[PDB]
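Next comes just one chain, in structure tokens: the form deposited in one PDB entry.
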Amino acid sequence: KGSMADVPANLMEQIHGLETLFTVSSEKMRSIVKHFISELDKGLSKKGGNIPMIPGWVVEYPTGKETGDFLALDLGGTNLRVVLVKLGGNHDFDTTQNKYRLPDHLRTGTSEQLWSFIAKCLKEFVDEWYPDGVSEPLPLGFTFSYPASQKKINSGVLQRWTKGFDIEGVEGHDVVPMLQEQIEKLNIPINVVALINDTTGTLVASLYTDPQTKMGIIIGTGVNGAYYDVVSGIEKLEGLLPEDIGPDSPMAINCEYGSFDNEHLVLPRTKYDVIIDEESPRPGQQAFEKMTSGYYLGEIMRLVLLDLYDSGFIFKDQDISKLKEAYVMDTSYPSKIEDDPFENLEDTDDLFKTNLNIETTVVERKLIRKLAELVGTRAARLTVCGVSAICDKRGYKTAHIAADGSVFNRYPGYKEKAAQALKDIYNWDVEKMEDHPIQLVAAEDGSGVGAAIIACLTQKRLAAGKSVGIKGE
């Protein structure tokens, strides 16, 4: 009975236009899902597609029965962490970790400098927690989130550095023996048995603790999704697989679906999304990421607000200079705006006054709050198309979708928006979000615990002479 109550016609007309632009109907969500499924298939065929659909070489489900000590290394752009995981054999584990800031020089240093530094961290970690030593070398899973290809789980050929890394002699080389040799130079009892993407670990660690997990999903600054296909449904692997990775074998897939619809034929791009892509570092790339990542939501809002300012609707007597800086509005903007509990939107007031030097009227803030809501809701509804596509493709009528990332974890009402979206797509007759057949739930730690459990599943196969990659690798 309230809401946009006090908004003048000149402005209400603009909001309606924005509602049209940013609303994704159930019909549109289903049409996207079909194109998505199509692209997942295309990605698993010999021909390939925009969606990479990368085999992760985890060829079995965790049972929950696994036991013992395993390690993870999570190497990022700024930090690494080392994680010790003790598997309890009953869908349970204890963890302990330490975290290390990378020295400034590693970014542009030598290959040796990077791997020897990681190795010193490993030794210091291992010395502390096993004063006496270990019966067997500790299997280690390496989350190496840099573009990298592999023909077996226990390798990773770097395609290219990102995040400002610029180390010679690594691109086009297998990083696993690089690290392994620095480990042994220090005499650390560790075997690097796997290299993974964090999203694969998210899938694996979560299926370990929660048997109903059918997907690992990351929604933050980046987006990605991982799930288990079956070898027999992967045309591109035909003629490449060894005897003991048979057709019924599970195969974890790292989708890298951020690239879905780079053709721009499916997603509902607005004039604002076009500007964002055109002005971005890689125009025409990362289409789905650009439509779902939390990284762009403030930027969408900025461009809308600039458009409305330039057309003379808002901020009429204000100095809007600071709003002219690309990315000046990060994810905290829509987040704080949707989270604002005040009738007069005092948090929104404070955000604009103190960070942008813009004073607003109540009506203006009402429009700003409506705009953040449309943008957040759009993102969730598009994201959930990825989830639905994976479930429909695989026949999962029910599922826990194990979710992580700064948006899922911290964007206000995101869980509610996503559950509503899934309910809209399938048209479920259900009361409470807890009862939805397909539902997002908090993931386990993917880049750490997930990598360690992958190390376990890998070790058991290596110790029995069972393959974990294309025959002859």
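From 1 onward, residues are counted along the sequence shown. Only the largest set of C-alpha atoms that superpose within 1.5 Å between the two forms is called the rigid core.
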item	value
Selected stretch [higher average CA B-factor]: 372-380 or 224-232	224-232
108-116 versus 88-96 - greater average Cα B-factor per the deposited record	88-96
Identity of residue with top Cα B-factor, from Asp307, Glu364, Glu243, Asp339	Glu243
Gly386, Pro137, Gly141, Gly216, ranked by C-alpha B-factor: the highest one	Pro137
Ranked against its chain, the third holding the CA B-factor of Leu44	highest
Third of the chain's Cα B-factor distribution that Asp273 belongs to, per the entry	lowest
Third assignment of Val407 from its chain's C-alpha B-factors	lowest
CA B-factor ranking of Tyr208, expressed as a third of its chain	middle
Record-listed C-alpha B factor of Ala443: chain third	lowest
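There is another form of this protein, the form deposited in another entry, and it is not shown here; the text below is about that form.
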query: Of the candidates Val266, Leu102, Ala399, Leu371, the only Cα that travels 2 Å or more between the shown form and the other one, given a rigid-core fit; finding: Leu102
query: Core-aligned C-alpha movement of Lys432 between the shown form and the other one, 2 Å or more; finding: no
query: After fitting the core, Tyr228 CA displacement of 2 Å or more between the shown form and the other one; finding: no
query: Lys46 C-alpha shift between the shown form and the other one of 2 Å or more, rigid core reference; finding: yes
